[PDB]
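Asks: An experimental structure, sequence included, is below.
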Amino acid sequence: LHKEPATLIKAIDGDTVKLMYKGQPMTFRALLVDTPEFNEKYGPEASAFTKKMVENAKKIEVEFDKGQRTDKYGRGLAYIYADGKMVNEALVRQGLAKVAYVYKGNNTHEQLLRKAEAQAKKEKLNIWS
Ligand SMILES: Cc1cn([C@H]2C[C@H](OP(=O)(O)O)[C@@H](COP(=O)(O)O)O2)c(=O)[nH]c1=O
Ligand SMILES: [Ca+2]
């Protein structure tokens, strides 16, 4: 896989963000995770966590996996990086997302994110408390 440049347009919630990619606005949905919706427990915290991560970043990148790059809602499906740190992994490590939506061919970082979930769980963090 390889990282490509993108620019923040707007935070949306824990696992979606609006980014300018190859000069076009698109909503990106974070691969391999699921944050609570804003109306659910930890949802506001998930939203706040991702917002700080992307808004503070001097550099956002997106990394597509090997399979589909758009979901059925027209959202980009990627791993999203903020100054080199993967949002997807960071959410999971903080117990603010579960590993989820693991589809064949788009699962390159599955074991990485699983390892993070295991540690969040060990630490009884947030969703796991
Ligand atoms: C993360 C992801 C979600 N989706 C689809 C599955 C779910 O369809 P359904 O909407 O029909 O339940 C939806 C969940 O995304 P959200 O968790 O943002 O709601 O997005 C994909 O198709 N591929 C993906 O990689
Ligand atoms: Ca969600």
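Replies: Looks like it came in fine. Numbers count the residues shown, from 1 in each chain. Ligands and ions are numbered 1, 2, ... in the order given.

Asks: Tell me which helix or strand residue 46 sits in.
Replies: Element membership for residue 46, per DSSP states H and E: helix 43-56.

Asks: That helix packs against which elements?
Replies: strand 3-11, strand 76-82, helix 87-93 (3 or more C-beta pairs under 8 Å, 6 or more residues apart in numbering; DSSP states H and E). C-beta coordinates here come from the backbone N, C-alpha and C atoms, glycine included.

Asks: Buried residues, that helix. List them.
Replies: By neighbour count with 16 or more other C-beta atoms under 10 Å, helix 43-56 contains the buried residues 43, 45, 46, 47, 49, 50, 51, 53, 54.

Asks: try stretch 17-30
Replies: By neighbour count on 16+ other C-beta under 10 Å, the buried set for stretch 17-30 is 17, 18, 19, 21, 26, 27, 28, 29, 30.

Asks: Tally up the residues packed near the closest residue to the fourth one other than its chain neighbours, please.
Replies: Right, residue 21. Of all residues not flanking residue 21 in the chain, residue 6 sits nearest, at 4.6 Å (C-beta to C-beta, 6 or more residues apart in numbering). Counted with other C-beta atoms under 10 Å, the neighbours of residue 6 add up to 22.

Asks: same deal with the one 5 residues further on?
Replies: The number of residues packed near residue 11 is 17, by other C-beta under 10 Å.

Asks: from what I can see it touches residue 57, true?
Replies: No - counting by C-beta atoms under 8 Å, residue 11 does not reach residue 57; the two are 11.1 Å apart.
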